[PDB]
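The chain contents come next:
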Amino acid sequence: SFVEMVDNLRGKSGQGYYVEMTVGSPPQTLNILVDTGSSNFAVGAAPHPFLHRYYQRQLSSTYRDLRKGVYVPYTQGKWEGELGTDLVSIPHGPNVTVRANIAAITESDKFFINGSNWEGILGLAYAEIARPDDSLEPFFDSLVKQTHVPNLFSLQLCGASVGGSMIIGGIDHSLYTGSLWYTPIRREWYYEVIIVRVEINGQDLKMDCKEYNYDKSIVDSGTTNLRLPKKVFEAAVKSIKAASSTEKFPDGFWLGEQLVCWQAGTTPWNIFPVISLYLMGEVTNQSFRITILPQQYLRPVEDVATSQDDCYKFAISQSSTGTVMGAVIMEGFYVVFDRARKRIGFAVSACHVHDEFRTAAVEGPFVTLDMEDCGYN
Ligand SMILES: COc1cc2cc(n1)NCCCCc1cccc(c1)C[C@@H]([C@H](O)CNCc1cccc(C(C)C)c1)NC2=O
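As summarised from the PDB record, the model derives from X-ray crystallography at a stated resolution of 2.10 Å.

Here it is in C-alpha cells:
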C-alpha cells in the first residue's frame with residue numbers, strides 16, 4: 001500500500017519539503033515541513049503575513065489544551081506557542097488517525113518563509129531533543145504506539161519546483177536501484193551517524209576522522225546545505241577551489257551568499273569535484289561510501305535579472321555544531337530511517353542526479369580500521 005505515499009512531498013528549492021496533513025475535527029488541511037533534524041510537531045495557529053492559513057483550535061471539537069507553553073530555537077529561526085493535542089492524519093499516507101502533541105505557534109521570528117506554501121513543521125527525530133523536554137512525545141512515536149505502522153520511514157527527496165516521497169512505515173522498492181547500505185544510529189536524539197573518511201575527487205582529506213564528527217554528525221532533511229565543522233569546511237573549500245581554479249568566483253560565492261551564473265546550459269560541471277563521505281557500516285571494520293556530485297552541492301536558484309543563465313548557490317557552509325547532512329546530500333538518495341533496527345540506509349534514488357561522465361553512488365564494502373575512534377566524546 002506504499003504506492004499511496006509515492007510523490008506525496010512537494011517544495012521550493014532551499015525552502016524544505018512538505019507533506020499534506022490534517023489536524024482537528026472537522027479536519028483542517030495544512031502543509032507541514034518534514035524535518036528529521038528536530039522532534040516537535042508545530043503549526044502556525046495565529047495570523048502571520050506569510051501564512052496562507054493556520055490551525056484554528058476553536059473550530060476543532062477534538063482539541064485539548066495542555067496548559068503549557070513551548071518554544072523551539074532552530075539554527076536561525078524560532079517560534080513560540082501553546083502545547084495541546086488533537087487528531088492528526090496524513091491524507092497521502094497510512095490510513096490511520098492518531099492523537100498527537102501539537103505546538104500551536106502564536107509568535108515566530110524568521111521561521112515562516114514568504115510564499116513557501118507550508119504552515120508547520122513535523123519533527124521526526126527522537127524525544128531527547130524535543131522541547132520543552134523529552135516528556136513531550138514526538139509525532140512519530142505517537143503514531144507507532146497508537147497504530148500498527150512499523151517503526152521506520154523512508155525519504156526520497158528529489159531535486160529539480162521539487163518533489164519527493166515520504167514512505168511512512170516501510171521501504172518502497174520502486175524508489176531506488178542497487179543495494180541499501182546501512183550505518184548505525186549512534187544515539188537516538190538527532191539521527192546521529194559517524195563519518196569515518198572523506199575524499200574529494202578521490203583524494204583523502206587526511207584529517208583525524210574525529211574532526212568529521214565534531215561535535216556530532218546528523219542526517220537532517222530540514223536543513224538545505226551540507227554543513228561542515230570549521231576545520232573540515234576550510235579543507236573542503238580549499239580542495240574544491242583548487243579543482244575549479246579554471247574559473248574565478250567571488251569570495252561571497254564560497255560563503256553561500258552570492259550566486260554564480262553561466263550561459264544557459266554551459267555550466268562547467270566537470271571542473272567541480274565529487275565528494276565521497278564514508279559512513280560506519282554494520283560489521284566490524286566495514287564502511288561504505290556515498291558520492292556527492294556538484295549538481296547536488298551547487299543549488300540552482302532563480303536569477304532576478306532578465307538573463308536566462310543557469311545560476312547557482314554554493315550549498316556547503318560552515319558549522320559550529322557538527323556535520324549536517326542536509327537536503328542537498330539526501331537528494332538523489334533513498335534514505336531509510338530504520339528506527340526499529342537503529343540504523344539509516346542509503347541507496348541510489350530513482351530520481352538520481354544525472355551527470356554525463358559521473359554518477360552519484362552508494363558503494364561498499366570498504367575496510368576501515370578503528371571506526372569507533374571517529375566518534376566525538
Ligand atoms: C543554517 O542554515 C539552515 C538552517 C536550517 C534550515 C536551513 N538552513 N535551510 C532550510 C530552511 C527550510 C525551512 C526551515 C525553516 C526553519 C527551521 C527549519 C526549517 C528546521 C531546522 C532544523 O530543525 C535544524 N536541525 C538541527 C538543529 C539545529 C539547532 C537546534 C535544533 C533543535 C530544535 C533540535 C536542531 N533547520 C534549520 O535551522
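Participant: Just checking my understanding: could you explain empty space enclosed by the protein for this structure?
Facilitator: Unoccupied space between atoms shows up once a probe the size of one water molecule is rolled over them. The computed volume of the largest cavity comes to approximately 90 Å³. Every residue lining the largest cavity is listed: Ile-195, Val-198, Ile-200, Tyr-212, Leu-226, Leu-228, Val-232, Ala-236, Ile-275, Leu-277 and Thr-323. Only β13 (195-200), β16 (226-229), α2 (230-243) and β18 (275-280) provide two or more residues apiece to the lining of the largest cavity. A class-by-class count of the residues in the lining of the largest cavity yields ten nonpolar, one polar and no charged. Taken as a whole, the second largest cavity spans an internal volume of roughly 50 Å³. In this structure, the second largest cavity is lined by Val-88, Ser-89, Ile-90, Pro-94, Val-96, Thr-97, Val-98, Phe-139 and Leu-143.

Participant: So what exactly am I meant to see when it comes to the site of the ligand here?
Facilitator: Not every one of the 22 residues close to the ligand is listed here, only the nearest: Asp-35, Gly-37, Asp-220, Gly-222 and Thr-224. A distance of 3.3 Å separates an oxygen atom of the ligand from a polar backbone atom of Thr-75. With respect to the ligand, the backbone of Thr-224 contributes an N or O atom lying 3.2 Å from a nitrogen atom. Relative to its unbound accessible area of 750 Å², the ligand is 85% covered by the protein chains. Assessed atom by atom at 2 Å from the grid points, the ligand resides in the largest pocket. Secondary-structure elements contributing two or more residues to the shell around the ligand are β3 (28-35) and β5 (64-73).

Calculation rules
- Residues numbered from 1 in each chain as written, not as in the entry; some residues may be left out.
- Heavy atoms only, no water.
- 1 Å grid on protein atoms, 1.4 Å probe; cavity = no way out; pocket = protein on both sides within 12 Å on 5 of 7 lines; lining within 4 Å.
- Points joined across faces, edges and corners; volume = space filled by probe spheres on them.
- Helix = DSSP H or I, 4+ residues; strand = E, 2+ residues; numbered from the N terminus.
- Nonpolar A, V, L, I, M, F, W, Y, C, P; charged D, E, K, R; others polar.
- Near = heavy atom within 4 Å.
- Polar contact = N/O pair within 3.5 Å; in protein donor to acceptor, adjacent residues only side chain to side chain.
- Areas by Shrake-Rupley, 256 points an atom, 1.4 Å probe, with all protein chains shown as cover.
- Sits in = over half its atoms within 2 Å of the grid points.

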